[PDB]
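**Q** Below you will find the structure I want to go over with you.
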Amino acid sequence: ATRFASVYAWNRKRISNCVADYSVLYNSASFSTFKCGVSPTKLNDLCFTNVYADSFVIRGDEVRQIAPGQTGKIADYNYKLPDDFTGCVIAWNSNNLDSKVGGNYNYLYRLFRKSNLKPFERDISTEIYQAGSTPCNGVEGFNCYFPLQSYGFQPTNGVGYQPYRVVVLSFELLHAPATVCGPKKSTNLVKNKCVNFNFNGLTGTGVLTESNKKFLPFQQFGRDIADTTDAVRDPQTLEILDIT
Amino acid sequence: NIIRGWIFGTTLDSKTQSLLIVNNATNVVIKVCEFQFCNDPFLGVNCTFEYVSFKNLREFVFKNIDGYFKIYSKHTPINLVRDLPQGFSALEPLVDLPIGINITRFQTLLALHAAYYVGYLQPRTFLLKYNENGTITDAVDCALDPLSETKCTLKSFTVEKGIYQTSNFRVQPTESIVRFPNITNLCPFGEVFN
Amino acid sequence: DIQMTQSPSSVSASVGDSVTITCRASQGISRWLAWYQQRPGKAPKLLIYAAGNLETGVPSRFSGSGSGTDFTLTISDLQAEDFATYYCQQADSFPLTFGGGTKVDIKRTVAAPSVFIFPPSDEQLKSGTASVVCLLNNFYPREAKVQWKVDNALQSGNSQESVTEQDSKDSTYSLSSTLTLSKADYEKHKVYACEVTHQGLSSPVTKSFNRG
Amino acid sequence: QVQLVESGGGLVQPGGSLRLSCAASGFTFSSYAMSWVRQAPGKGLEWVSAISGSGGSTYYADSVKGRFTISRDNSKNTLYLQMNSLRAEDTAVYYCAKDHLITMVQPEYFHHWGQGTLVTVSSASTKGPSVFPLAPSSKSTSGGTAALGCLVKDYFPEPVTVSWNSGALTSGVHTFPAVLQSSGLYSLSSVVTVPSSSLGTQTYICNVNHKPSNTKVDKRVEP
Ligand SMILES: *[C@@H]1O[C@H](CO)[C@@H](O[C@@H]2O[C@H](CO)[C@@H](O)[C@H](O)[C@H]2NC(C)=O)[C@H](O)[C@H]1NC(C)=O
């Protein structure tokens, strides 16, 4: 994405009903930090209800704050994760991108708030924080500070203060069809030889030969009198094969 | 082409996700958004899913199983003005939506400047005849009549002369009843409480 | 501090071709840039932002490239509506600075300028001001560089130029060079002339007239 | 997607002051940074002033600083730009620009553009145009076609309209864009090419109409 939203206004995107190859991102070696209760190593073989992507930009030193059971201004007032967080956290330097000559002050953070943020909560309130007992009257001043403080992102800032883009992927697993899995690799085809086959999860062993049986467009398998599988239709090419 | 749409749900007033199917011109629109439905929904002449692209009898079957909305259908040419034509034709699946919306009520959607029929389903046992090409050509309901039960038992559409055994006749326990001798030796709680 | 140069100033090309516009900032501006288009009589509209990110409504044939200092706007397919003025601005250092501006025209054959003379009228004589007009018609391209001579002497700071836009029937141009002076000064001299050197002309064309 | 409307421009005396206004609708005013950018009539764009989603930070161009003031109000959902010591170089079309992304301290890009209002500074007053003839030629030997026309001079303010016989002879007409004179007035040339055979035969009149001065004048040309 060209520009991210601020950390106090972290951008959430919903992903569902698609195929995600987590291996590609995992085999990218382009991010500074990549943490996952989920095992990163080849678990694009699992299905989930949804994938929620929370993206923002923070200084490098604050990057550590995005983890379960973490404290800090980002964790307390900008972006809070549940202690039972499921998913991964990814971060990579954006000093080449979010830094700017003269100071990049678009990205802000919430330093002042009445209370800490709940898990997965976003607070964009522009109400002046009332530090003391005097009402703020809609204007910042003594005992009344603007809740949003502006980062100065520059190419010369320290790495800990340098901008880092952070994206958090949360997997949803509820009582639902769970339509995002993301695996499904296939192989070639072999005929006229005793082999072990797996067609769309249907397993078996035998010899696959070309057939002349005329299936219906919506039907995939053929059965005999004894309920044994007899013919199949190749998912990658719509043709009928006899099993012996 | 007067019938054009369907609405399914439980409240159907934008308070919860109500499935909506609409046809317009050359386009089919399917959504699960919480649309604010009209009191008299028709067309003049939070979302989680969305898809966009008498002479005729069109049959449809709608059901829900394990969060999947299953839709079967069948089109056919007809020439009849009075009532439902009498005949047999199987229906093949077209749509399997992985949605998971609890649905209890529904309604149709018409276009105003075309009779239709409705029926409900039951858990029955059936016998089906697959032809050479794999098309269901005829069926038999088991629990319709004694002859039908006999056919279901023998797994045949032709029954030879004779006597067969089908089921077991029973009778029912009309009501419950309990007898215990009497109330005696009441524990004297009055002496303490009074 | 961040003054940027946009090239080429003005270009001409046919429908279906490709146009390349190169913008260079004085300092490295990372990816803080914006490429705009603007037709006469309308507000400018953004074509590219960041470095090569396209606008939603702009057709896909417009592309942006480059980074830091050099940047390039490429139009892969030219259309009749692609002839406008293009600009580049920076969005990283305040104050925000625009480019020189690039105008795109239609490529056509080079045509010789038809040059005509207009001495001040007798009605203009009573006013006390003399306006001598040299008219160029049906010339291409835009570059004409008209000059005035009085008694074979160069005149500077006394002439005003007004040029019509590119024509719609043959995509040509017209130019008016007016030499305005006082009646007393106009009466000092006897002969006036206007000269034009055009790429459609092998030799410069000078046209002269005498008062009376 | 949003609506931005600019107003307040006009014609004022040199050294005067003006107050332009930008009305913004369709989005929350406080979360976006406004900008005022002037474009000269014969020049390109150049940024002038910018405000930052509140009013705490005011940014000004190096040629407008010390005279102009930018302010914004969320309550009326609008922007104000006060211009002081207006000079002849302030005559330009002012545009109220906004960026698609929610920017609060800096404008950066300018994806939203308003209609813009013309601000003209001059010492001239309302006056009618003066029309003069420009004879076609005195030699029907060059190519058989001559160029004639009329000259409009010393009119203020813009514009003038030339009909050329009420639009009955439009073939070769060339009306050059209006140009500013050195005395605050303007000039125009309307030239047409006619065959040299039909010079003294066909009758032609150049008609010039001025609405601010309400002057409709007909002038004839004779070689
Ligand atoms: C699945 O993807 C394969 C890969 O392209 C598709 O196979 C192509 O099918 C078309 C027509 O059916 C042929 O013209 C191509 O030569 C095939 N390419 C290859 C590499 O096999 C296939 O159609 C897709 N769909 C299904 C259902 O298998």
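Residue numbering for chain B follows Swiss-Prot, covering 99-143, 165-172, 186-245, 263-343 in order.
Technique stated in the header: electron microscopy, 3.2 Å.
Cβ from N, Cα, C; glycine included.
Grabbed the feature section from Swiss-Prot, which reads as follows:
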type	residues	note
DISULFID	B:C131-B:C166	disulfide bond
DISULFID	B:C291-B:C301	disulfide bond
CARBOHYD	B:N122	N-linked glycosylation site
CARBOHYD	B:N165	N-linked glycosylation site
CARBOHYD	B:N234	N-linked glycosylation site
CARBOHYD	B:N282	N-linked glycosylation site
CARBOHYD	B:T323	O-linked glycosylation site
CARBOHYD	B:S325	O-linked glycosylation site
CARBOHYD	B:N331	N-linked glycosylation site
CARBOHYD	B:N343	N-linked glycosylation site
REGION	B:280-301	region 'Putative superantigen'
REGION	B:319-335	region 'Disordered'
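Buried or exposed, and what's around them? Tell me for each listed feature.
**A** Applying an 8 A CB threshold to same-chain residues 6+ apart, the list for B:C166 (disulfide bond) reads B:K129, B:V130, B:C131, B:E132.
Mapped onto three states, the DSSP output places B:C301 (disulfide bond) in helix. Spatially close to B:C301 (disulfide bond) yet at least six residues away along the chain are B:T274, B:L276, B:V289, B:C291, judged by Cβ distances under 8 angstroms.
Remark: B:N122 (N-linked glycosylation site) has B:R102, B:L141 as non-local neighbours, by Cβ distance under 8 Å and separation of at least 6 in sequence.
According to DSSP, B:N165 (N-linked glycosylation site) is assigned to coil rather than to any helix or strand. Within the same chain, the residues at least 6 positions away from B:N165 (N-linked glycosylation site) whose Cβ sits under 8 Å from its Cβ are B:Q115, B:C131, B:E132, listed in sequence order.
The Cβ of B:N234 (N-linked glycosylation site) lies under 8 Å from the Cβ of B:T108, each of which sits 6+ residues away along the same chain.
Sequence-distant neighbours of B:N282 (N-linked glycosylation site) (same chain, six or more apart, CB under 8 Å from its CB) are absent.
Non-local neighbourhood of B:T323 (O-linked glycosylation site): empty, since no residue in the same chain at least six residues away has a C-beta under 8 Å from its C-beta.
Cβ neighbours of B:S325 (O-linked glycosylation site) (same chain, under 8 Å, six or more residues apart in sequence): none.
The Cβ of B:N331 (N-linked glycosylation site) lies under 8 Å from no Cβ of any same-chain residue at least six residues away in sequence.
In the three-state DSSP classification, B:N343 (N-linked glycosylation site) falls within coil.
Sequence-remote contacts of a segment are chain residues at least 6 beyond its ends whose Cβ falls under 8 Å from one of its Cβ atoms, and the region 'Disordered' (B:319-335) has none.
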**Q** What else in the chain is close to the region 'Putative superantigen' (B:280-301), if you only count residues 6 or more beyond its ends and a Cβ gap under 8 Å?
**A** 220, 222, 273-274, 308, 313, 315-316
**Q** Per DSSP, what is the helix/strand/coil residue tally across the region 'Disordered' (B:319-335)?
**A** 0 helix, 0 strand, 17 coil
**Q** State the count of C-beta atoms found within 10 angstroms of the C-beta of B:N343 (N-linked glycosylation site), not counting that atom itself.
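**A** Taking all protein chains shown, B:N343 (N-linked glycosylation site) has 6 Cβ neighbours within 10 Å.
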**Q** By a simple count, how many Cβ atoms lie within 10 Å of the Cβ of B:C291 (disulfide bond), its own Cβ left out?
**A** 16
**Q** DSSP on B:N122 (N-linked glycosylation site), three-state: which is it?
**A** strand
**Q** Taking Cβ distances under 8 Å as the criterion, give the subset of the recorded positions B:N122, B:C131, B:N165 near chain A, ordered by sequence.
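**A** Out of B:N122, B:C131, B:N165, none lie under 8 Å of chain A.
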**Q** Applying a 10 Å Cβ distance cut-off over all chains shown, what neighbour count does B:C131 (disulfide bond) have?
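**A** There are 15 of them.
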